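Observations on the model geometry
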Amino acid sequence: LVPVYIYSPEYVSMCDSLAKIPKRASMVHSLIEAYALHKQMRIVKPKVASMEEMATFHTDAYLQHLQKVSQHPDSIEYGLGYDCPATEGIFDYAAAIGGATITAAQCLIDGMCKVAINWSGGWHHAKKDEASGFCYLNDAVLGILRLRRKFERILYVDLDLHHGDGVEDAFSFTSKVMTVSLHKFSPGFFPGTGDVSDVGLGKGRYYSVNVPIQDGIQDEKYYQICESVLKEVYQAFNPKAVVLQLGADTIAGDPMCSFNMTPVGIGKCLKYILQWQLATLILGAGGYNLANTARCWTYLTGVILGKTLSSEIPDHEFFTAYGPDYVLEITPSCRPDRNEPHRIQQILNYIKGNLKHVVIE
Ligand SMILES: CN(C)c1ccc(C(=O)NCCCCCCC(=O)NO)cc1
Ligand SMILES: [K+]
Ligand SMILES: [K+]
Ligand SMILES: [Zn+2]
């Protein structure tokens, strides 16, 4: 039907308080509203996740400590400290984002929509009892566990710059959820996991697909790799629902300065997934050039709505942040692509061999 847009003014205000991305949620929604895209979507207010719902993946012990420090020596033991500081109210922030993704997943299984959007979600590094990489709660896993009540095989596609290790670890032992992550992979780069030989464990073996990619990849080659993998994944795995993480830290201009992507390339990967006509949960999380992240997700929202957007950024609250040209398009950086053609073919062929075992159920 009409895409569902998870939004409430209190929810965006909560997401703006994250120290790593101040006011990014307001910038994203303000630009989407500036293009009047919210009038073409069904606005759904997100609920706050309960302790029972967060406990479907996270352990009690980790959730108790998170709730205590939210209002300590054992904080480092649960991954709280450096990348994830235990600030006041951090448990309610986690429950808010986790509940937003659960809400979007609930809309999918109720037949209310075929696409549900929660751009502020997709924190894919958190483990069942350990925070990691700015992630205290793994709302992506919680969203998958909610769709799992109705859909038998769920495909998780992680297009963030970083490896989605938390989601992959959560389902590394099952064949009922397949994780596919395209990410920068280089010794020293966070989180350091997700080589192409990472395929899963036990009965989940060959149901974890990882595409290690080097710096400087652009739209054309990226869609070549993504369409090649998604085509083989769709025919070998035959999914019934898709969870799509679209972190914008791959876009040119991001301080990560690794990939050299534009939203047009990500949108072509998104169009290929929407053509499957499946229930699709859209997440974001990643993105540290605030204006470029709003640019990307606004463009991707238009791709979902099938609309073509005006190049000029309309005047709004955060208009001054869209220099230097104040247009929606993003120009790739003039730096080399470090992806050798023979290395990419070697990675794709290795994945093709792994997926042949999936065609032998
Ligand atoms: C300049 N400065 C203080 C820092 C710069 C980079 C990092 C970092 O990458 N840390 C490793 C954790 C990265 C997790 C990124 C989360 C993400 O986007 N996942 O997709 C840390 C501090
Ligand atoms: K990824
Ligand atoms: K798996
Ligand atoms: Zn990232």
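Identification of the protein chain as Histone deacetylase 8 from Homo sapiens is taken from the PDB entry. Under Sequence similarities, UniProt gives the following word-for-word description of the protein chain: "Belongs to the histone deacetylase family. HD type 1 subfamily."

Think of a sheet as strands paired side by side through backbone hydrogen bonds, with each pair either parallel or antiparallel. Reading across the sheet, the 8 strands line up as β2-β1-β3-β8-β7-β4-β5-β6 and stay open at both edges, with parallel pairing between neighbours. The open sheet has two edge strands with one neighbour each: β2 (42-44) and β6 (208-213). Along the sheet, successive strands turn relative to each other by an average axial angle of 15°, direction set aside. Relative to strand β8 (residues 279-283), strand β3 (residues 115-118) is paired through 4 bridges, and the arrangement is parallel.

Another point: the pairing of strand β5 (residues 177-184). Burial analysis of β5 places 8 of its 8 residues in the buried class, the great majority of the element. Side chains of β5 alternate between two faces, with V177, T179, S181 and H183 and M178, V180, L182 and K184 buried alike. Examined bridge by bridge, strand β4 (residues 154-158) and β5 share 5 bridges and lie parallel to one another. Looking at the pairing, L155 lines up with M178 of β5. What joins β4 to β5 is helix α7 (residues 165-170), and the crossover it makes is right-handed. Across 6 bridges, β5 lies against β6 in parallel orientation. Bridge pairing in β6 places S181 opposite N210.

This paragraph deals with the packing of aromatic side chains. Applying the stated rule across the entire model yields 8 aromatic pairs. Joined through ring pairs, the aromatic side chains of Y234, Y272 and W276 make up one cluster.

Turning next to the pattern of salt bridges. Under the counting rule described, the total for this entry stands at 5 salt bridges. A salt bridge links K184 to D215; the nearest nitrogen and oxygen atoms lie 3.0 Å apart. In this pair, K184 is assigned in strand β5 and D215 in the loop between β6 and α8 (219-237), connecting sequence segments 31 residues apart. When its relative accessible area of 13% is taken as the criterion, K184 is described as buried. By relative accessible area, which is 25% here, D215 ends up partly exposed. The salt bridge involving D337 is made with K221; its shortest N-O contact spans 3.3 Å. Separated by 116 residues along the polypeptide, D337 in the loop between α10 (290-305) and α11 (341-358) and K221 in helix α8 bring together distant segments of the chain. Look at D337 and you get partly exposed, because its relative accessible area is 29%. Given a relative accessible area of 23%, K221 falls into the partly exposed group. One continuous salt-bridge network, built from bridges that share partners, spans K47, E53 and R146.

Our focus in this paragraph is the coordination of the zinc ion (ligand 4). Each donor-metal-donor angle in an ideal tetrahedron of four donors is 109.5 degrees, and each such angle in an ideal octahedron of six donors is either 90 or 180 degrees. Looking at the zinc ion (ligand 4), the protein donor atoms are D160 (OD), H162 (ND1) and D249 (OD), and they sit 2.0 to 2.2 Å from it. Every donor counted, the 6 donor atoms about the zinc ion (ligand 4) form angles of 28 to 158° at the centre, which fits irregular coordination. Positions of the donor residues of the zinc ion (ligand 4), expressed as sequence spacing, correspond to D-x1-H-x86-D. Pair noted here: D160 is in the loop between β4 and α7 and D249 is in the loop between β7 (241-245) and α9 (263-274), with a separation of 89 residues, a long-range link. Residue classification places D249 among the buried positions, given a relative accessible area of 1%.

Bringing the side chain of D160 into the picture now. Despite its burial, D160 pairs with no opposite charge, the nearest such side chain being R24 at 7.7 Å. Once residues lying within four places of it in the same chain are set aside, the contact partners of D160 are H124, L182, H183, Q245, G247, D249, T250, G284 and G286.

Quick look at the nonpolar core now. Most often, soluble globular proteins keep nonpolar side chains buried together rather than apart. Of all hydrophobic cores here, the largest spans 129 residues; its most connected members are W119 and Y222. A total of 12 residues in this core trace back to one element, the largest contributor, which is helix α5 (residues 90-109).

To continue, consider the site of ligand 1. Taken together, the neighbourhood of ligand 1 is formed by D83, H124, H125, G133, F134, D160, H162, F190, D249 and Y288. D160 is positioned with one of its side-chain polar atoms (N or O) 2.6 Å from an oxygen atom of ligand 1. Take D249: an N or O atom from its side chain is 3.2 Å from an oxygen atom of ligand 1. Grouping the amino acids of the shell around ligand 1 by side-chain chemistry returns 3 nonpolar, 4 polar and 3 charged.

Rules behind the numbers
- Here the numbering of residues is sequential along each chain, from 1 in written sequence order, and it may depart from the entry's numbering. Residues without coordinates do not appear.
- Chains carry letters and ligands carry numbers; both start at the beginning, A for chains and 1 for ligands, and go up in the order they are written.
- Where side-chain values are given, they derive from all heavy atoms of the structure, hydrogens and water being excluded.
- Residues with missing side-chain atoms are left out of burial classes, side-chain pairs and their counts.
- UniProt positions are given in the numbering used here, feature names are shortened, and annotations may be inferred rather than shown by experiment.
- Here, a strand pair is defined by DSSP locating no fewer than two bridges between the strands.
- The secondary structure listing takes helices from DSSP runs of H or I that are at least 4 residues long and strands from runs of E that are at least 2 residues long, numbered from the N terminus.
- Orientation is described by lines fitted to C-alpha atoms, with helices fitted over the stretch in contact, and by angles between N-to-C directions that extend from 0 to 180 degrees.
- For each residue, the accessible area found with a 1.4 Å probe, counting protein chains only, is set against the maximum for its type, and the residue is called buried under 20%, exposed over 50%, and partly exposed in between.
- Looking down the strands as they point away from the viewer, one classifies a crossover as right-handed if the path from the first strand across the helix to the second runs clockwise.
- Each aromatic pair joins two rings of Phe, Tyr and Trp (for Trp, the six-membered one) with centres within 6.5 Å, and gets the label stacked for planes under 30 degrees apart, edge-to-face for over 60, and tilted for any other angle.
- In what follows, salt bridge is the name for a side-chain nitrogen of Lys or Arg lying within 4 Å of a carboxyl oxygen of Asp or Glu.
- We call an atom a donor if it is N, O or S and sits within 2.8 Å of the metal, or 3.2 Å for Na, K and Ca. Water is not counted, so some sites may look partial.
- Geometry is assigned from the angles between donors: four donors with all angles from 85 to 135 degrees make a tetrahedral site, four or six donors whose opposite pairs exceed 155 degrees while the rest stay between 65 and 115 make square planar or octahedral sites respectively, and everything else is labelled irregular.
- Working convention for charge: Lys and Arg count positive, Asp and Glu count negative, and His plus the chain ends are omitted.
- Residues are treated as being in contact if the distance between any of their heavy atoms lies within 4.5 Å.
- The criterion is simple. A nonpolar core is a set of buried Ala, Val, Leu, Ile, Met, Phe, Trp, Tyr and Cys residues joined through side-chain atoms within 4.5 Å.
- We call a residue near a given molecule or strand whenever any one of its heavy atoms falls within 4 Å of it.
- We call two N or O atoms a polar contact when they sit within 3.5 Å, provided that within protein one can donate a hydrogen and the other can accept it, with sequence-adjacent residues counted only if both atoms are side-chain atoms.
- By the convention adopted, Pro, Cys, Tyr, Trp, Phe, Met, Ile, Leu, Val and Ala count as nonpolar, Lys, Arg, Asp and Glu as charged, and the other residues, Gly among them, as polar.

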